[PDB]
Amino acid sequence: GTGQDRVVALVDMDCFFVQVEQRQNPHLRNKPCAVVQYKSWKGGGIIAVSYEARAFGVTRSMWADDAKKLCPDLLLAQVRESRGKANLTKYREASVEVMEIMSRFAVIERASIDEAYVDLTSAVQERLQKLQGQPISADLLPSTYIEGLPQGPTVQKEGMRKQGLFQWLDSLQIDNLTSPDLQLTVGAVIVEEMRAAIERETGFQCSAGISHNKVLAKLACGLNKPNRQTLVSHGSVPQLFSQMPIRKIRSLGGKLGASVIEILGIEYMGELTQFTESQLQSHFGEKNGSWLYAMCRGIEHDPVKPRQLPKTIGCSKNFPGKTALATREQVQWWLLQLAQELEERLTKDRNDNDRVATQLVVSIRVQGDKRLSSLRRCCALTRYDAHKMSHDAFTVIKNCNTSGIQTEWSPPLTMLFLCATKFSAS
DNA sequence: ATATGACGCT
DNA sequence: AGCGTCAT
Ligand SMILES: Nc1ccn([C@H]2C[C@H](O)[C@@H](COP(=O)(O)NP(=O)(O)OP(=O)(O)O)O2)c(=O)n1
Ligand SMILES: [Mg+2]
Ligand SMILES: [Mg+2]
Ligand code: NA
Ligand code: NA
């Protein structure tokens, strides 16, 4: 097919953790500010950056002391620390605020703490029927960009936006209820309403992409951040993809996308069209090969999954450098700190969402291993009891200690991770 | 010494 | 089941 069957939107909050802190603390609003984790080592690690601070070159992962060199007036909000660890509860609860608003408009797939996909196909059909072929006024799309427009025969971005939108709407054929471009346009009208409700009811601004599938919706979202939304039509794909680096497409940002560029000797998504589906399958596998063949034409069939809640609840802490855990008592104490946070999050989850986790995953990283995880083990999660969860976690990992002195722990542990999974309705 | 969470591979 | 990949 032509991959125009659905209307799919991705809504992503703008500098989300910063907005959460700026709502709470109005003295941070409209200023270069960032959210920082910990403090002692180089001022802490930055994990979110306001757009005023991005202009100075402040970025994620940057040390706060280094960010202050680029932006001396940078304001910092620190992530909460509980039981010796970062605690992200404030941001999870703000995320729930947003997701429950989005859910009023259509079923959502929670894709991260700050973004969800929406399938608007049904909602579009209903608005199209409630409207009666009445044209769509530009006033209904006050923050929408039409990628690829304006085009053809002034110098301010808002003026450009309106010129593109006018061109788009002037060419739209509303007599055809099945026109994909009309469907996208109605989808964008709905997303305007959804974004307005989010801002009114939470104070948070967001951006969105509207297209026919997840990949295009995600790409569109980022094209005019912040506080704007972008419609990427099927027709816009050839020009858009002709200069689009492969690594910008969701799932091609790692080794697979590197192999595509390396093996095929290309750089842009549109260059993939010159290969047969079998060719791509030969290099990258049947699944990936078929996916790439469709995707480079703007076609992708990954459905918006109805999932509003995370399906796992985890707690993790790294122990870098000299802080690596080297004694049994140290491992036990931190496993308990993690287990205690997990217990309170699990208890809250059960009351909120009428479900219980049944499996506990335990993962550690050993000193020197660059892998995210060095070993993973599981056991039953029978009761929401921190001491039992930490005791069981130690049982399943205690043989990894290659030390003739049992009071010590070698090799030193550089990460502990506890994750509750396999939820069942309760 | 750049805390999570979903899904793929075997 | 346990590890690998990619994401935010
Ligand atoms: N690698 C990352 C990316 C994001 N996050 C957190 C902080 C972000 O505010 C929040 C949302 O991630 P994000 O959407 O990728 N970036 P953010 O919303 O901060 O700025 P935008 O570029 O979306 O406007 O997740 C993180 O902790 N580690
Ligand atoms: Mg965001
Ligand atoms: Mg995001
Ligand atoms: Na509830
Ligand atoms: Na990402």
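Each chain gets a letter, A, B and so on, in the order its sequence line appears, and its residues count up from 1.
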Check: protein-nucleotides 7-10 of chain B nitrogen or oxygen pairs below 3.5 Å:
from  : atom 1 : to       : atom 2 : distance (Å)
B:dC7 : OP1    : A:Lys305 : NZ     : 2.8
B:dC7 : OP1    : A:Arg307 : NH1    : 3.2
B:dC7 : OP2    : A:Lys311 : NZ     : 2.9

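A donor atom on one side chain and an acceptor atom on the other are not found under 3.5 Å apart for A:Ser390 and A:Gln332. Checked by atom type, the side-chain pair A:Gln308/A:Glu109 shows no donor-acceptor distance below 3.5 Å. Side-chain atoms of A:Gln229 and A:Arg195 form a donor-acceptor pair, as typed in the model, at a separation below 3.5 Å. Side-chain contact annotation: A:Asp354 with A:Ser426, donor-acceptor N/O pair under 3.5 Å absent. Of the N and O atoms on the side chains of A:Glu341 and A:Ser82, not one donor lies less than 3.5 Å from an acceptor on the other residue.
Comparing A:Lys42 and A:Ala111 by the nucleotide of DNA chain B that holds the closest heavy atom to each, the one mapping nearer the 5' end is A:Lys42.
In this entry the distance linking CZ of A:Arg110 with P of B:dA6 reads 7 Å, nearest Å. A:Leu418 places its CG atom 13 Å from the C1' atom of B:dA3, with the value rounded to the nearest Å. As a whole-Å value, the separation of A:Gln37 CD from B:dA1 P is 15 Å. What separates CG of A:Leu88 from P of B:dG5 is a distance of 8 Å, to the nearest Å. The distance from atom CD of A:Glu115 to atom P of B:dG5 is 14 Å, rounded to the nearest whole Å. Per the geometry, CG belonging to A:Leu342 stands 14 Å off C1' belonging to B:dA3, to the nearest Å. What separates CZ of A:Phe423 from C1' of B:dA6 is a distance of 14 Å, to the nearest Å. Atom CD in A:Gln78 sits roughly 12 Å away from atom P in B:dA3 (whole-Å rounding).
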**OP:** Starting from the C-alpha separation in whole Å, work towards a yes-or-no answer on side-chain hydrogen bond (donor to acceptor under 3.5 Å, both in side chains) for A:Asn224 and A:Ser207.
**Re:** CA-CA 8 Å; A:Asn224 292 281; A:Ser207 302; over 6 Å; no
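Within the nucleic acid shown, A:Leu375 comes within 4.0 Å of sugar-phosphate atoms alone, with no base atom in reach, counting heavy atoms only. Residue contacts for A:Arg92: at a heavy-atom cut-off of 4.0 Å it reaches the sugar-phosphate backbone alone, with no base atom in range. Among the protein residues, A:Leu372 comes within range of the nucleic acid bases, having at least one heavy atom under 4.0 Å from a base atom. Nucleic acid contact class of A:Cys419 (heavy atoms, under 4.0 Å, all strands): none. A:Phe17 comes within 4.0 angstrom of no nucleic acid atom, judged by non-hydrogen atoms across all strands. Within the nucleic acid shown, A:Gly254 comes within 4.0 Å of sugar-phosphate atoms alone, with no base atom in reach, counting heavy atoms only.
A close approach under 4.0 Å does occur between a side-chain nitrogen or oxygen of A:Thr312 and OP1 or OP2 of B:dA6. Taking side-chain N and O atoms only, A:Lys370 has no distance below 4.0 Å to OP1 or OP2 of B:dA1. Residue A:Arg365 places none of its side-chain N or O atoms closer than 4.0 Å to OP1 or OP2 of B:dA1. Dashed line: the shortest gap from a side-chain N or O of A:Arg60 to OP1 or OP2 of B:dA3 is not under 4.0 Å.
C:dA7 and B:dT2 are spaced 15 Å apart, taking the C1' atom of each and rounding to whole Å.
With hydrogens and angles ignored, the 3.5 Å screen pairs a side-chain donor or acceptor of A:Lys214 with a backbone N or O of A:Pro303. A:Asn401 places a side-chain N or O within donor-acceptor distance of the main-chain N or O of A:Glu408, the cut-off being under 3.5 Å.
Chain A approaches DNA chain C over the interval C:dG2 to C:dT8, counting the first and last nucleotide 5' to 3' with an atom under 4.0 Å from its heavy atoms.
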Identify each donor-acceptor pair in which a side-chain atom of residues 22-30 of chain A lies under 3.5 Å from a protein atom, sequence neighbours left out, and give them as a table.
from    : atom 1 : to       : atom 2 : distance (Å)
A:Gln22 : NE2    : A:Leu28  : O      : 2.9
A:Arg23 : NH1    : A:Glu97  : OE1    : 3.0
A:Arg23 : NH1    : A:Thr202 : O      : 2.9
A:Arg23 : NH2    : A:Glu97  : OE2    : 2.8
A:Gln24 : OE1    : A:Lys90  : NZ     : 2.7
A:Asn25 : OD1    : A:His27  : N      : 3.1
A:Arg29 : NE     : A:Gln22  : O      : 2.8
A:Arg29 : NH2    : A:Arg23  : O      : 3.1

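Within a 6.0 Å sphere centred on CZ of A:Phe394, other residues, nucleotides and ligands contribute more than 12 heavy atoms.
Annotation: A:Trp334 is in aromatic contact with A:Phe319 [ring centroid separation under 6.0 Å].
Interface residues of residues 314-339 of chain A facing DNA chain B, ordered by number: A:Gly314, A:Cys315, A:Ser316, A:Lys317, A:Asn318, A:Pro320, A:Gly321, A:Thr323; criterion, heavy-atom separation under 4.0 Å.
A:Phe204 is linked by a ring-ring contact (aromatic ring centres under 6.0 Å, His included) to A:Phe16, counting only residues two or more places apart in sequence or in another chain. With sequence neighbours left out, the salt bridge (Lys or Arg N to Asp or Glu O under 4.0 Å) criterion links A:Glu271 to no other residue.
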